[PDB]
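In structure tokens, one chain follows: the form deposited in one PDB entry.
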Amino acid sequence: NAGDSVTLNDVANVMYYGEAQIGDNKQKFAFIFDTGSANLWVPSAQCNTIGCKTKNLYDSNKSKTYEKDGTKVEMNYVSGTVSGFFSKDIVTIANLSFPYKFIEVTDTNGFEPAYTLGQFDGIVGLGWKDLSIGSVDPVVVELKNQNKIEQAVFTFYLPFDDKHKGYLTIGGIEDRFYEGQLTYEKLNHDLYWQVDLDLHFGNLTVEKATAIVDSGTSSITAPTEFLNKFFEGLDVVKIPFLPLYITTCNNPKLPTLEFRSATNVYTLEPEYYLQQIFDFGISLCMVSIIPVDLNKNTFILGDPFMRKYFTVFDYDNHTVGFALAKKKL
């Protein structure tokens, strides 16, 4: 149960990034690690677009272990659209080099404006394999298969705020990151890490909601209609044309969020979904609860929820685990 960690750098509580490497010469890139998708991708040396103009581009010419593939591919998100092509090379994460098949991205035009605004180069998928010929095993599964970790498991620890680092630990669950006992839940489908829940948000309930636990979303997200009802009488103001929700930091009306599994209960107090945004004359916060319409009743438990709950993702037992993150390491 010996773990292996990539340090995660926290920018303003909105995105967490870590470093990994590709190529025998070990080209460095910044990544979001995204439990929502399955591939590793990086912006290619031959990505022209404006977005790529600022990023670290992967150069195959300089890697003695590169191996052409050339298969064009296009994968999509909430985020949403991205295109390019498969390449094999040696990838290094935390300290483990392994041969992987990844995507060089040459088109990032439906990754705007998420991409340009961000200080990541590409994305490490920590999701589940596609049933397609021959999609790749996700990096953590591959590691297990190559016998480089003993368990196909990874955890997240995100620090309460700006002044401390976060951690993606691969291949072992480390006591240092939480208090009490992990609690575990069963998954319902295997596209991603999806959990069944009963939600109580202020006056609002939904029985049998499904929550994606997703490390690369910086908010709790919920269907528009339901979030519309959520905010009413809460004295939350939406900035027109922006996904931005502002309220007074000490708003006493703002409820503690409950999510109920079969046996368990997790709550999310205001303080974990509020980020101070302004401080002249009053303390003004953004609320990290935003509307995204996905499948029926589908909610995403992103960074705010994980800032409270250290979370374990076990491919091997098909479960997600939860416990109170330690306040200091």
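Under this definition, the rigid core comprises the largest set of C-alpha atoms superposing within 1.5 Å between the forms. The numbering used is simple: start at 1 and walk along the sequence shown.
Separately, the form deposited in another entry exists; it is not shown, and the next lines address it.
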Q. Once you align the rigid core, which of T116, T224, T205, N188 turns out to move its Cα at least 2 Å between this form and the one not shown?
A. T116
Q.
Please determine whether the C-alpha atom of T81 is displaced by 2 Å or more between this form and the one not shown following superposition on the rigid core.
A. yes
Q. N264: with the rigid core matched between this form and the one not shown, does its Cα shift 2 Å or more?
A. no
(Q) After superposing the rigid core, is the C-alpha displacement of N48 2 Å or more between this form and the one not shown? (A) yes
Q. Taking the shown form as reference, are the C-alpha positions of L187 and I133 brought closer or pushed farther apart in that other deposited form, with a change of 3 Å or more?
A. closer
Q | Cα separation of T224 and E112 in that other deposited form versus here, shift of 3 Å or more | A | farther
